[PDB]
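# give me a 3D structure for the following:
(3 chains)
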Amino acid sequence: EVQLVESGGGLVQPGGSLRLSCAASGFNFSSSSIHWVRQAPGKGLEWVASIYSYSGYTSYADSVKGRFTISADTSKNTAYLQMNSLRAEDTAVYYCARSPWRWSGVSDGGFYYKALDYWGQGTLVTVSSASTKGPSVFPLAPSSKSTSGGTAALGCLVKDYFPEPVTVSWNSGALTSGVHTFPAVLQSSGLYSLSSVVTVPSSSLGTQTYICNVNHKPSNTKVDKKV
Amino acid sequence: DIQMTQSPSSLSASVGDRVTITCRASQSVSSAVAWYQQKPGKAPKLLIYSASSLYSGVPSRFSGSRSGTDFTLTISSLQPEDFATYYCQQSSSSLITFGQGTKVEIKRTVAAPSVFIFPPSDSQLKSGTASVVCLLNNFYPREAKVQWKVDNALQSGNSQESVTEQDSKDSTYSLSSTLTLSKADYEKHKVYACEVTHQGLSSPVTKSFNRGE
Amino acid sequence: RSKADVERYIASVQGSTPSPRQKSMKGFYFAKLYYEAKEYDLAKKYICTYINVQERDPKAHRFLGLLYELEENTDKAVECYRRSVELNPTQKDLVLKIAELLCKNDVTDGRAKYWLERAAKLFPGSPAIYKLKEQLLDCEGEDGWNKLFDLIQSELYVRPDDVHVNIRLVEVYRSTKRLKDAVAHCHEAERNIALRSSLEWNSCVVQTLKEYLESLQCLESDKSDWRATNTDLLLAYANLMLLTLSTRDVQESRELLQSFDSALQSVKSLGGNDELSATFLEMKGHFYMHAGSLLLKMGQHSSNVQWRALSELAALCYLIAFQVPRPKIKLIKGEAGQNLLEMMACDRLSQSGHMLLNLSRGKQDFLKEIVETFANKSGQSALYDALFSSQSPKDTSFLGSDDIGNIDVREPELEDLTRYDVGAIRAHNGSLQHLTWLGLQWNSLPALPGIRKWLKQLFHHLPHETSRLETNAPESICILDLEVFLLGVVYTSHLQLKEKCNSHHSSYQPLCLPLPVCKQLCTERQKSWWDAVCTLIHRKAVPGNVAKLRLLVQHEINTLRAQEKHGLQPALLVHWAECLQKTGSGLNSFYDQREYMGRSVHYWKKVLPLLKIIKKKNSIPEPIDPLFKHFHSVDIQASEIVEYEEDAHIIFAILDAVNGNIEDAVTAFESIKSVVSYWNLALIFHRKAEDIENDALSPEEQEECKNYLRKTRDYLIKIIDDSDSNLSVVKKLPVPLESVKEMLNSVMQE
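Numbers count the residues shown, from 1 in each chain, chains lettered A, B, ... in the order given. And now the structure:
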């Protein structure tokens, strides 16, 4: 019955602004301290803002001080993270969470919170001046003639797309096992790129038609590519 | 500024082991530390609060302890469901800081990566770029080092790589290395070699291709 | 002397020299006696008129400067001295004064330096001269002024509700003479709900705005935003008027009315169809409403003959206000602005409404007479007479020029009043003063207010009842606790005032007091609690004081729940029980019904032990510093015990039925032939019938199902038969009569 819902995310251009909404239900919003904790891809948890339980004095990390503004509304029973002057560095998954007054102690020189009990699902925020774009698929077939005994390796290169995510399947899901699709990397240009590969018996190469099916929903792109 | 230094960064263990993770506070900090479990992509969950008090609902095999400025999470008997990343957190005056995190990887025997190099495709050369791919498949452990040779010449600062998470069936990883530069520079060299070093390899191994085969 | 001695001399010289020129040439000698009778808003206008005909008299001009000095209006006082000085150079002491005041207010302008040089040569090396030399140096530099500004801003960041700090910001803006920024912050701050309720802030708002209107900067910049700022002045006047009436004395309130009326006359001419015009509409209503309250304040202290005549006059004022339509909310630029204006609209209709009723309850169709007799323009002059001194020009006074056309003379409908109250709960920041008044105003009416809806408008998403009822920690506060609280605050307040008027003797008129005039109606203890829980919930507390605020609330919880050492007289508990039963018994949903019924059973279960001791004529252990004052006025008597035991036993059965103990509930329900038990018996027989009524099922069972629907029909009929016959039973209905008939129509067509 108790949950936290994050909303108000999505992509934005650098130097822009966004506003996140952390909707709470099931616990008295007045006596809870609200926090926001972002996490870039493959990175750790970073505390970015806090709101003392019963009053709402702000406190920010120096990496965002003065730019972000966190607020709490009793009537709407919801907290928000106003973000300004957004930089590419702020691209990260933003979570919110509460800490009851039972865990909120005030001391000389600042306040402390014992732990974060309730967390949200986490809403994604991407910051990149690169504009949306569909993927270009370049095949990666085996220049091997039964190199590794009975098995050979083929793959597909999904490149020059923005933003994450892309989804891939082989033979429209017929070739399920043996596949490994790697995370994407931010090319300095601004577009992401990844690879998808699968190991298949060389004796069957040339008999079973192998096709990778990529779907980039953010740009409404669908491409099937044979190898 | 207060800092929470978490150690180790990446841990490898098997089921039933008694595992330990530790965080050191730079300045003398009071018992206002917490511990969290974060499974890949999901939200972090609270394990221990106020240093040694267990959060209601957390299994009893977890226990927190402190000694001086070093805080320690202790799992009495590791379980399969505990193979995730963990974080330590201090709450000082009007500030919260987290540890760098600790990944708990499932331990297994060593495996040698079956490497396969792949050239840039005809379609990619049409666009004006050239990407070479070097696969490292189903190996263990995570630690490995790959190097690129253009006509037997080292290359750095122009290629990147990414690694899969520990597979569920065999507990092995995979790595994809990408060497990216213009078609013009690709037509300037003939030989291309991808070298791999790994604890599972008796000796370093290399595979190569020649433009035009 | 007094007020009569000086305003009676008006008719003495009015009958000796009636022409306008000689009437104004006596202004200086008129103002001569008001300065002695402590009338400074009045003496100002008398002398100012003599100055309109004798503009070259150095004595009169100085006297106004000395009067503006008492008013502390530095900019106005200085100019007056200047005129007396330029007319007559021999007034050395005034050259000192000008130099003294110019150096004290602001040194940035060289004019303070110039007048100081002259002051020196008139009084060579006098002791004051150096004093002024040090004063001029005192003021800080550019880096120093910016330094002070940064403190206030950093201070306002964490303390935006601090009255003094925001005031200082306006004073600092005004000190650097960037008034446009002063009003800008002044405008953006009238959206703050806390500041709008602050008497001193609104007063500052009136000045900083007026200063800008006359300011050179207002004209030069543009005349587009001129209207926008003008709206805020009217808003400030309304808020300032509401507050001044309650705290300040008779004299100060009347003086503020004149500033209000002057502004209105200056605004009506522009008209138009924008926020200002819509604002003028709503503010127009407030004027009469407050004006009516002002009238009643004077009469309260006075004799009976003036009381009736003044209340008659006030009744017309409130009526005018009520007639005024709801302002055009859509026409405003923003949601905050428009919501505020409507909030005030609800406040106007609510306060004037209840006043209109309580004054009309005195006699039969008392309202009709008021209109037929004073709606006449003759009343317009009789109103202007009682409120103001007739000497002020009746031309530029909005009151004398208003078109009183087609006064509705229709008493208000309760249903409309409820929705007015509910919408204006946030009008005065939910001060327990505000709510305790409304709750008392409905105490004389036959329909009760939706308190639970009031609380929902203030503390949104506050659960009706908290799961963790076991402890008294104040994180478990529930809308029930507040509803239970307000009930006692009003039940307590009524009895305290009842005791008071018994002591006052004189003429008995307890219902008639208006909201501003009356003093605190709750105990400072009770008020402290409400102020605490409010600041806590809305998240406007202080990290340091959190623990204190938190504990202050905790102290009283054990009493709101009738726990260990509850300071609760048995009568107050009973009042809570039935007041919650009937409040809950009319609700539609099961969640709320259960909750309100549960608490009712709780309080019932706590009283019955007490009633048994009282039933045998024993003594109740009186409390120790109770939270809700005990009274022997309402001490419970033996005559009513057996009914409550009956009324309580129904509550038990009802809960038994809701829990599932139909067998014990029915066995009990049939035992008591009560109107309410019919509606319960019927409602549960109807459900057993409706579910089983249409599915394919054993035929014998279907007849038994029908048999219950037959019982349902009979009990609803017993309700209506006994209802139409006797009125007392109609009031016992747990739901409206038409609701019982509504079900019956559907029941029989089934």
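
# check which helix or strand the residue of the stretch 201-350 of chain C found nearest chain A maps to.
Per CB to the nearest CB, residue C:339 is where the stretch 201-350 of chain C lies closest to chain A, at 11.7 Å. All C-beta atoms are positioned from the backbone trio N, CA, C, and that covers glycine. Per DSSP states H and E: residue C:339 is located in helix C:335-360.

# for that helix, buried residues please.
C:337-338, C:340-360 (16 or more other CB atoms under 10 Å in any protein chain shown).

# before we move on, what about stretch C:686-694?
For stretch C:686-694, the neighbour count (16+ other CB under 10 Å) marks C:686, C:688, C:689, C:690, C:692 as buried.

# next one: that stretch to chain centre, how far?
51 Å (CA atoms, centre = their mean, to the nearest Å).

# would you list the buried residues of stretch C:686-694 in CSV and tack on distance to residue A:117?
Converted to CSV, those look like this (distance: CB to CB, whole Å):
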residue, distance to residue A:117
C:686, 46
C:688, 45
C:689, 48
C:690, 45
C:692, 47
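
# for residue C:28, state which of those residues is nearest.
Closest approach to residue C:28 among these (CB to CB): residue C:686, at 85.9 Å.

# would you map out the domains in chain B?
B:5-108, B:109-213 (CATH domains of a matching chain).

# for chain C, same thing?
With domains defined by automatic domain parsing, chain C comprises C:3-143, C:259-423, C:673-750.

# so residue B:96 sits against residue B:90, correct?
Yes - contact criterion CB atoms under 8 Å: residue B:96 and residue B:90 qualify, at 7.2 Å.

# which one of the two is surrounded by more residues?
Between residue B:96 and residue B:90, residue B:96 has the larger neighbour count (other CB atoms under 10 Å in any protein chain shown), namely 26 against 23.

# mind checking the SS state of the more buried one?
Local secondary structure at residue B:96 is given as strand here, using DSSP: H, G, I helix; E, B strand; the rest coil.

# repeat that for residue C:96.
helix.

# my read: it touches residue C:127, true?
No - using CB under 8 Å, residue C:96 makes no contact with residue C:127, being 11.4 Å away.

# packing partners of the lengthiest helix in chain B?
In chain B, with assignment by DSSP state H, the single longest helix is helix B:122-127. Contacts defined by 3 or more CB pairs under 8 Å, 6 or more residues apart in numbering or on different chains; DSSP states H and E place helix B:122-127 against strand A:136-140.

# close to chain B, is the strand it packs on?
Yes - counting by CB under 8 Å from any CB of the partner chain, chain B is contacted by strand A:136-140 at A:136, A:138, A:139, A:140.

# give me the neighbour count for residue 73.
Defaulting to chain A. 14.

# you answered for a different chain; I wanted chain B.
24.

# can you name the next helix or strand after the one helix or strand it maps to?
Taking DSSP H and E as the definition, one finds residue B:73 inside strand B:70-75. Next helix or strand after strand B:70-75 toward the C-terminus (DSSP H and E): strand B:85-92.

# helices of chain A, start to end?
For chain A, helices defined by DSSP H do not occur.

# for chain B, what's its nearest residue on it.
Closest point on chain A to chain B, by CB to the nearest CB, is residue A:110, at 2.6 Å.

# which ones are touching that residue?
Neighbouring residues of residue A:110 by CB atoms under 8 Å, 6 or more residues apart in numbering or on different chains: A:59, B:92, B:93, B:94, B:95.

# tally of neighbours for the residue in chain B positioned nearest to chain A?
Closest residue of chain B to chain A, CB to the nearest CB: residue B:93 (2.6 Å). Neighbour count for residue B:93, taken as other CB under 10 Å: 13.

# so it sits against residue A:111, correct?
Yes - Residue B:93 lies in contact with residue A:111 (CB under 8 Å); the separation is 6.8 Å.

# quick check, the residue in chain C closest to chain B?
Closest point on chain C to chain B, by CB to the nearest CB, is residue C:543, at 9.7 Å.

# beta-bridge partners for the residue nearest to that residue when sequence neighbours are not counted, please?
Counting by CB to CB, 6 or more residues apart in numbering or on different chains, residue C:543 lies nearest to residue A:106, which is 4.5 Å off, once chain neighbours are set aside. Taking DSSP bridges as the rule, residue A:106 bridges to residue A:111.

# show me the contact partners of stretch C:210-222.
With contact meaning CB under 8 Å, 6+ apart, stretch C:210-222 is reached by C:75, C:174, C:179, C:180, C:182, C:183, C:226, C:229, C:230, C:233.

# can you pick the most crowded of these?
If you rank the contacts of stretch C:210-222 by neighbour count (other CB under 10 Å), residue C:183 sits at the top with 27 neighbours.

# okay, and it sits in which element?
Going by DSSP H and E, residue C:183 is part of helix C:179-189.

# quick one: that helix to chain centroid distance?
Counting by CA atoms, centre = their mean, helix C:179-189 is centred 26 Å from the centre of its parent chain.

# stretch B:134-146 now?
That offset, for stretch B:134-146, works out to 11 Å (CA atoms, centre = their mean).

# now stretch A:200-217
Offset of stretch A:200-217 from its chain centre (CA atoms, centre = their mean): 29 Å.

# what does stretch C:166-173 give?
Distance of stretch C:166-173 from the chain centroid (CA atoms, centre = their mean) equals 27 Å.

# check whether residue B:108 sits in a helix, strand or coil.
coil.
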